[PDB]
Amino acid sequence: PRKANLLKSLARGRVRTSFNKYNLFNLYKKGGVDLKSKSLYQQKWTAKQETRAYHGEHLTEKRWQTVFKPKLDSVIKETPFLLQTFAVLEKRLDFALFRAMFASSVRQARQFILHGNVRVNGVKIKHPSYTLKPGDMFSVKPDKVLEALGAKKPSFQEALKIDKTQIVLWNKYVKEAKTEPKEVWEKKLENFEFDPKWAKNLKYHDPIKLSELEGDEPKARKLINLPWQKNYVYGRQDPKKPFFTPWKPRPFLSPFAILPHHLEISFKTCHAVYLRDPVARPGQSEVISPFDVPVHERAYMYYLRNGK
Amino acid sequence: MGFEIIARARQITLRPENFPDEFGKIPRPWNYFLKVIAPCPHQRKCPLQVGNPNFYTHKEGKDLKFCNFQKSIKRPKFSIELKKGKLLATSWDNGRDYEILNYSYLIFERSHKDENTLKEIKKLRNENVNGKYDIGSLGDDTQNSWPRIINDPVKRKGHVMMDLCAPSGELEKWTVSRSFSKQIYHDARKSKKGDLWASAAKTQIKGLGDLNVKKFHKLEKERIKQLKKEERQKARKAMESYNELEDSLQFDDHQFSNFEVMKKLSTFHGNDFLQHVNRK
Amino acid sequence: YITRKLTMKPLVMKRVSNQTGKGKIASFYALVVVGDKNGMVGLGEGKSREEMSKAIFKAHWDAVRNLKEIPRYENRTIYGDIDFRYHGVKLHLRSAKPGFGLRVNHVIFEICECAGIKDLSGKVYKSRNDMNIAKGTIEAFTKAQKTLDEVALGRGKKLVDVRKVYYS
Amino acid sequence: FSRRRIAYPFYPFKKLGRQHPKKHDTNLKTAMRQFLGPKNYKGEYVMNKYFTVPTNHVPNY
RNA sequence: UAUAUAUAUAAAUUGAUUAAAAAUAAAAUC
RNA sequence: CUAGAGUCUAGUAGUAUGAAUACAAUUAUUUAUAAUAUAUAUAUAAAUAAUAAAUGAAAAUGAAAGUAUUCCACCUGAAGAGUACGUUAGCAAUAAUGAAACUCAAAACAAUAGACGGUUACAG
RNA sequence: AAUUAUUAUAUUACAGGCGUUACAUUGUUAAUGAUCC
RNA sequence: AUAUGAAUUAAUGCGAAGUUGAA
Ligand code: SF4
Ligand SMILES: [Mg+2]
Ligand SMILES: [Mg+2]
C-alpha cells in the first residue's frame, strides 16, 4: 500500500483517520473546505484531496477506483445521499477496527491485523482487506487495544527523571506547608470550594541520583515512596506491559471518540459486531466523516468519471 | 522619447551587462562585431537611461535629463515665407533667421570579416583589459574615448565648468581654471556642448545632480521584490476581510450592512480576476 | 434575508472591447446567479469600464431583482424532461433518481447548485456558449416546466390518476 | 482560481515577529503551540481542554 | 495525596525576517 | 465545330430558397366575383405592404426561411483541385465522372464599434 | 607672577567666491545644505 | 494482371528574406 509520508504536515492540513495530536490540530484549524472562486475541476480536485486524505489514505488510487461503487444505498429533514461515497470502505476490517476504537489509526489497525492480533468469528484473519458481512463478530487482543487507547510507556530514564522532579516538587510543597501551615490549609480549601498536626503528618522524601539509580529499576522501585506513586517508577507499575501501566487514557482522546452506529462494541472484552453496512437516513449519515455534503458530492462526481 | 529609443537600441546592441568590468571601446558581438563611434564615449551602460518614457510626464520627473543634442540652421526663403501668420508664427495660446533643432543620434561602426579582425577582437578582450578607468580619466586619450560635453559649459571669471559623459561612464563635473593652466582655460572657455573635451582638470567630481535615474533604478527594483509581497499582503488583506465576513455571517449578527457585505464579495471576485490576466 | 440566505456565484467574467477612434476601450462583463438553494433563483449581468468589481456589483443587484421561484419536483429535480432551444443552444435535461449527482455541463451545475436542483442529467447540443447556456437554462427551468398539480388541475384530474403507474 | 494555500488557521493567532536567525520557526508551529499551551515536565498539555477525557457522559468535541 | 512547577544559562542545519517555509520531517523513545 | 446541300439546311454537344399534402392572428390597400338596396364604409376569395406569434447565429423570414408529413438531390475544415490519371461520348474542341500524398490551425458567415477611400453629399 | 578679559601683533580652522540647479530641499515669485577654488 | 525498381518527365505543397505588377 501507500508508504506513509508527511501525513500530519501542518502546511498541507489534511485530516487523517488518527487520534494523533497533530491530526487534532489539523482538524481544528481547517475550519471548512474552500470550494469558492474555483472552477468545477478545481472544486472536484479539492474535494478529492480533502475526502481521500481521510477515507483510505493507504489505498492506492487505481485500487480505490476499482473498489469505488458508483451505485449507493439509502434506506422534513434531507437525506445526505452522497455522504455514502466512501461507505464501501466501512466494511473493510481495518476500518472496522478503527471505528470500533480498537486502534488509534487505520494504519495501526492494519498492523494489528497483519500481526495476528485480530479474529473474525474466531478465525485469525491476517489480511486487512477482509470484508465484514453483517452480523460478523470480530475481536482484538486486549493488550493491543489498551496500548492503542493508552499513553506511551515512558522509558526507564524518562520516568526516572520525572520522578526526580516529582520528589523535588513534593519536598517544595511540604517545606512551604511547614513554614506557613494554617493559611496553606485554608487556601487549599479555597481551591477545594485548623489542625497544626496537618503539616506534622506530612513527611519529606530523599532526592534521587540518576547516575546511581541508572540501570537498576528494581532498586529504583523500592526507593520511591511518594504518596500517589508508592514503590513504582512513574508510568511503569508493571514494566512488562506495552502501555503506561497505571492505565491512563491517551492524550487528546475526547475529540476523536465517536461511537459508530453500524458497530456494536464491547470494550470490556475488546469485541465488536458489524450490525450493518452504513446507510444514510433523513438528516443523519452513519459514515463518520469530517467533511460536509458538498465536498462529498464533488468527490463523488470526480470518481464517477474518474477525473474527466 | 527619442533619447529612450537610442538608449534602448544601444542597450540591446552592446548589451552592457554582458561585459561587466570591461572599460573602453572594443567591438561587441551582437563573426559579427560592432562598436560605438559617437556620441557615446564608453561602451558601458548609459548613465542617463530611465526605462519608461511616460515617467518624464510625472511631477517627480520634472527634473530628469536626457542626452539631446542641439544645432542651429539658418532658415531658407520658403521657411521664412512659410512661418508667417497667426496660425504658425504666433504663440499658439521677434522673429529669427534660424532654427535651433534638437535631436538625439547614435552611430555604430562594423568590424571587417576576416581572419584578422576576429582574432584581434578576441585577443583584445582576453589579454588586455583596460582596468577600472577612474572618474576623471580620459580613457585611451584618443578621440574614441574622450569625454563628451553633454551640457553647455558654464563659464565665469577664470573657470569653466563642464558636465561630461566620461569614458569611465559616470556623469562628471570637470572644472578648468586659469590656475591649473592658461591654455587649458582658454580651450575650455571656447568649449561648447557636443564637443569632446581632452585634457586634465583640477576637480573631476561626479555629476551628482539629477542622478536620480540611479535613484529610480532603485525604485523599480524595489517594486519587483516587493511586488511579490503585494499579492502576499493582498492574500491576508482579503482573507481576514472575508474571515471577518464569514464569522459574523456564519454567526449572522450581520453587523456588516447588506450593501457593504455584497461589496466585499465584489472585491473578492474582482481581485481574483485581476490576478488571472496578470499571468498573461 | 437576502445576504445571509442567498448565495452568489460568478458564472461569466470577461473583458469586452469597444474599439473607439482614439484607442481600444476595454470594459468588464460579469454574469452571476443568485439562489437560496430552496426553490428561488435569478440571473444578473453587469458591465463596468473601470474595474470588474463594479460589474460584479451591478450583476449581483440585477440577479437579486430577477430572483424568481423555480418549479421543483420533490425539491430535488425537474418535473420531467426539458428539451429547449435558446438562441442556438439545445438543452436536453432529464430528471433523475434520488442520490443521482448533477451530471450536467458546469454552467448548469452552478445554476442547479444555486437553485437547489439536486438531481439532473443533461446534454448541451449546437452552440456551447456559457452565456446562452445559463440564460436558456433558467428559461427552460421556469417556462418549459409544469408542475404535476398544475397539469392535473388543467386537465381536471386528481393527482392519484395523473401519477404514473409502476411497472417492473 | 486555485492556489496552493498553506493551511493557516482560520481564526486569528499571535504570529511570529522579529526572530533570532537560528530560531528557524514557522507560523504553523506557533499556532500549534498556542493551541496546545505549555508542555508539562511529564510531557502533558494540561492547559488544553482536549487533553483530558470527559467523565460526566457528555462528549467533549 | 500534592499537582497550570518556575528559574536560569547554553546551543539551535537550509531558506527567509513573518501569515516563508523545509519540518513531525529527522534523531530519540515505546 | 461536324457533315449534306449553293452561302444555306441537317446537326454533334448539353453548359453559363427542389416537389407535394394538412394547418397557420391581424391590419391596410387593391384585385375578381357574388349579392343587398351611389349605399350596405357589403361578404367571399387571390395579389401587394407593414406586422403579431413563431423561427433564426443573426441579417432576415413572416402564409414561408412557421407548425407537421412524404420523396428526391446535395454537404462534411482551408489549400492541393474540379487538378492528375483512367474511363465515357466526341474527327477534334470540349464535356461528364474524379482522387491521392504533402502543408497548415486555420478558414468562413451575420452583426458591432472604429479609422480609412479620388465614397457621397452637406454644412461650420 | 597665575587667571580672566579688552587691545594690538602673529595663529589656522578659515573668511571670501556675480562658482555651480547636468547642485538639491525649503522659502519665496534670497537662505540652508552639498561640492568645487 | 497483381506487384517491385527505373533514366526521361507532369503537377503541386512548404519555407528564407525579399524582387516585380496594381488584379
Ligand atoms: S549620456 Fe553618454 S552614454 Fe548616455 S546616450 Fe549620452 S553620450 Fe551615450
Ligand atoms: Mg493551476
Ligand atoms: Mg540561514
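Our numbering is plain: 1 for the first residue shown, then up by one each step along the chain.
According to its header, this structure was worked out by electron microscopy, 3.8 Å.
Backbone N, Cα and C atoms are what each Cβ position is placed from, and that goes for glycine too.
Database features (Swiss-Prot):
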- B:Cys40, B:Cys46, B:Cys67, B:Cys165: [4Fe-4S] cluster binding site (BINDING)
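Local packing around the Cβ, expressed as the count of other Cβ atoms within 10 angstroms, is greatest for B:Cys40 among the binding-site residues B:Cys40, B:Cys46, B:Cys67. The secondary structure of B:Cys165 ([4Fe-4S] cluster binding site), as reduced to three states from DSSP, is extended strand. B:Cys165 ([4Fe-4S] cluster binding site) is surrounded by 23 other CB atoms, counting those within 10 A of its CB over all protein chains shown. Chain C comes within the C-beta cut-off of under 8 angstroms for none of the binding-site residues B:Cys40, B:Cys46, B:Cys67.
Cβ atoms within 8 Å of the centroid of the Cβ atoms of B:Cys40, B:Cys46, B:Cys67, B:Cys165 (the [4Fe-4S] cluster site) belong to the same-chain residues B:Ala7, B:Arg10, B:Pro39, B:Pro41, B:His42, B:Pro47, B:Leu48, B:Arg148, B:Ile150, site residues excluded. Following the DSSP three-state reduction, the secondary structure of B:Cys46 ([4Fe-4S] cluster binding site) is coil.
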